[PDB]
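Residue numbers (PDB author numbering), protein chains in the order written: chain F, 2 to 177; chain f, 1 to 38; chain I, 74 to 139; chain M, 1 to 136; chain V, 1 to 94; chain H, 2 to 131. Beta carbons: idealized from backbone N, C-alpha and C, even for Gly. Structure first, then comments.
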RNA sequence: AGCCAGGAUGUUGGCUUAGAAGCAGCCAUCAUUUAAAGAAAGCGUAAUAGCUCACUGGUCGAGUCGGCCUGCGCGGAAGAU
Ligand SMILES: [Mg+2]
Ligand SMILES: [Zn+2]
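Structure follows, in structure tokens:
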């Protein structure tokens with residue numbers, strides 16, 4: 002909408018504890034907590050919440066919009082969770098799921114193991130396609146970026162870790 | 001990235017943003033159009 | 074329709090320039106009129122002359138002056 | 001380049017540039033590049049701007065120049081002392097006052113004229129602006 | 001069609017005119033016929049918007065001051081030297 | 002479009018039905034010029050020399066525009082329902098033209114129904130010329 | 001504003017051009033059809049092609065649009081105890 006004008010609707014089963022500028026949400030898919038800015042006053046007096054900022058600020062509408070978007074995303078990820086996946090295009094790019102540690106042997110003389118947050122799960126049906134699930138899409142994106150930072154998709158050949166929806170380009174190197 | 005004094009849009013697909021102390025021009029398709037106001 | 078029967082303008086498909094250039098094609102009063110009047114298959118409507126006049130006037134703008 | 005064929009005198013005083021401009025109205029064309037600042041324009045800069053606008057718009061339209069340097073600006077060579085006379089004439093510039101109209105153009109689209117005069121301004125040192133034909 | 005409102009200049013001169021221009025209203029003079037000239041003042045923005053049309057100069061206009069609506073023309077306009085402003089529009093009677 | 006044409010749109014919508022507006026729906030895929038000329042030709046040759054398959058989807062045109070017949074004309078307004086209006090008569094073969102066009106790769110939205118003039122259900126009656 | 005869909009034909013036209021075809025480069029941008037086609041704006045294709053864009057319609061629910069006058073700011077702004 003214009004400024005957080007469109008309300009969020011909270012489904013049943015998602016317990017929410019609002020205390021001033023600090024909010025906690027508990028659901029089946031984990032638990033989340035956020036303490037907000039000074040441009041907030043979101044209220045919860047019905048089946049859902051609808052946000053408001055605090056009076057006496059030049060800003061505040063944009064902050065209310067940001068808080069509404071973040072809380073909607075967190076509600077969605079606490080009621081159903083979010084999932085992402087990465088594809089390793091290239092021979093020898095082996096990915097292994099050792100529980101809470103990923104092993105990524107990608108043409109490296111030194112194999113690299115990466116840790117995972119406590120609220121993130123991962124699994125790979127093969128050695129190249131990894132799929133992970135989490136509650137917080139912010140943390141999900143952070144860990145996905147950490148995983149992908151080990152190698153970027155080189156335009157000249159097309160190898161390296163990338164997202165499933167990532168579109169790589171191969172224009173021309175030298176014709177040979 | 002091309003760092004210059006006066007920045008503009010090469011193609012319509014370029015978007016201009018203002019970050020911490022600078023102004024940047026980012027093109028989704030062509031990396032060459034990436035520019036900064038140094 | 075408008076491709077294989079429009080390439081039959083003066084003997085060649087198209088070989089002329091607009092204002093005054095290397096033109097190889099000319100036009101008579103009915104040569105390109107028949108290709109749009111005799112055909113009741115490509116006509117969007119019933120007005121054959123509506124699209125006939127367009128071709129007769131664009132022959133000049135292509136190089137096939139009247 | 002723009003230079004008088006002959007002059008009554010070859011050396012002139014520095015002078016000043018006080019006052020407004022007389023040729024502030026568009027008369028010889030439909031669009032004009034009007035100088036909004038103050039300073040001096042050299043024949044070299046005028047030639048550069050003319051070439052810029054000539055490249056910008058083709059034989060497509062007529063262009064008039066409402067200014068002419070008429071002012072011989074001189075300089076002294078390197079490694080020479082002061083006094084002992086006045087240096088030889090080096091180039092020709094004019095005195096430009098605010099509101100002065102430099103280049104006029106007719107027979108061109110408005111957007112093309114805007115682009116051509118923007119390119120001419122990019123070459124000209126003095127700040128300029130675009131003025132349309134006056135209804136008056 | 002063109003209808004403008006005016007006020008009578010209490011004071012006239014360079015200082016008064018420049019103060020009026022700083023106050024965003026410019027003076028004008030109305031003469032012609034067999035009556036003494038009158039020094040009026042107009043809002044600048046309204047006249048600037050109205051003068052855009054060629055009809056403003058090629059057609060009769062009317063000016064209203066102290067309830068009197070007198071029809072005049074526009075013969076001479078003095079534009080600002082380097083700004084999109086007009087100063088001291090000239091109105092001729094009849 | 003412009004308001005000057007929106008005026009004419011309503012003027013035509015409340016003048017179309019007076020002489021009989023046999024109406025139907027055309028697919029967005031079937032409205033492509035590569036495959037719309039066949040339907041245009043069929044409808045024009047069947048009815049007259051003029052045709053109107055242009056869609057004018059509106060919500061307020063279903064409360065003050067198209068509805069001028071007995072009771073039911075507001076069911077073709079929302080949810081991507083194209084408008085195809087024909088002037089010559091309220092019981093002509095225009096319904097059958099779209100019924101035939103259905104057999105040739107046309108299953109788009111609402112089974113080519115509109116204006117419910119001859120109490121037409123999903124299956125066409127015998128009133129239409131056979 | 002997003003999303004969805006449409007966005008032909010002569011024409012891969014004719015000079016140079018193993019090639020020029022909407023894009024080394026261009027000489028030339030014409031016309032009917034429809035609500036929509038510009039010898040096509042882009043990438044790139046040797047070059048065709050391909051899609052989006054120009055343009056059009058539909059789903060979404062009250063502000064938005066690009067011009068002028070100016071005020072305060074932003075980057076241009078790197079030197080040696
Ligand atoms: Mg004084
Ligand atoms: Zn770009």
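Contact annotation for residue 109 (chain I) against chain H: no contact, minimum CB-CB distance about 15 Å [criterion: below 8 Å].
Between the alpha carbons of residue 176 (chain F) and residue 124 (chain M) lies a distance of about 46 Å.
Close CB contacts of residue 98 (chain M) within its chain, under the 8 Å cut and outside five residues either way in sequence, are with 20, 21, 35, 36, 37 and 38 (chain order). Setting aside the 5 residues that flank it on each side, residue 59 (chain F) has no residue in the same chain whose C-beta is closer than 6 Å to its C-beta.
For residue 164 (chain F), the enclosing beta strand (DSSP E) starts and ends at 161-164.
Taking a Cβ-Cβ threshold of 8 Å, the residues of chain M close to residue 54 (chain V) are 135, in chain order.
In this structure, residue 75 (chain M) sits away from residue 1 (chain M), with a CB-CB distance that is not shorter than 8 Å. For the C-beta of residue 118 (chain I), the chain H residues within less than 9 Å are, from N- to C-terminus, 41, 42, 45, 50, 51 and 52. Per DSSP, the beta bridge partners of residue 83 (chain F) are F:135. Residues of the segment 33-49 of chain M whose Cβ lies closer than 9 Å to any Cβ of chain V, in chain order: 34, 35, 36 and 37. Taking the beta carbon of residue 95 (chain M) as reference, no residue of chain V falls within 8 Å; the closest one sits roughly 15 Å away. Around the beta carbon of residue 43 (chain F), 16 or more other beta carbons sit within 10 angstroms, so the residue counts as buried. With a beta-carbon spacing of about 6 Å, residue 22 (chain H) and residue 116 (chain H) fall inside the 8 Å limit used to define contacts.
The alpha-carbon of residue 174 (chain F) is positioned some 12 Å away from that of residue 159 (chain F). Within chain V, no C-beta atom comes less than 9 Å from the C-beta of residue 61 (chain M); the nearest is roughly 23 Å away. DSSP, read as helix, strand or coil, puts residue 31 (chain f) in helix. When C-alpha distances from residue 133 (chain M) are compared across M:105, M:100, M:42 and M:77, the shortest belongs to M:105. Taking the Cβ of residue 17 (chain H) as the reference point, every heavy atom of ligand 2 lies at 7 Å or farther away. Taking CB atoms only, residue 86 (chain H) has no neighbour in chain I less than 8 Å away. Chain V has a Cβ within less than 8 Å of the Cβ of residue 99 (chain M). The continuous stretches of alpha helix (DSSP H) do not include residue 115 (chain I), and DSSP gives it neither H nor E. Against chain M, a Cβ distance below 8 Å from residue 77 (chain V) picks out 136.
With a cut-off of 7 Å, the C-beta of residue 173 (chain F) is classified as distant from ligand 2, since no heavy atom of the ligand falls inside that distance.
Two segments are said to touch when three or more pairs of C-beta atoms, one from each, lie closer than 8 Å; by this definition the segment 35-53 of chain F does not touch the segment 83-98 of chain F. Where residue 107 (chain H) is concerned, there is no enclosing beta strand (DSSP E), because DSSP gives it neither an H nor an E.
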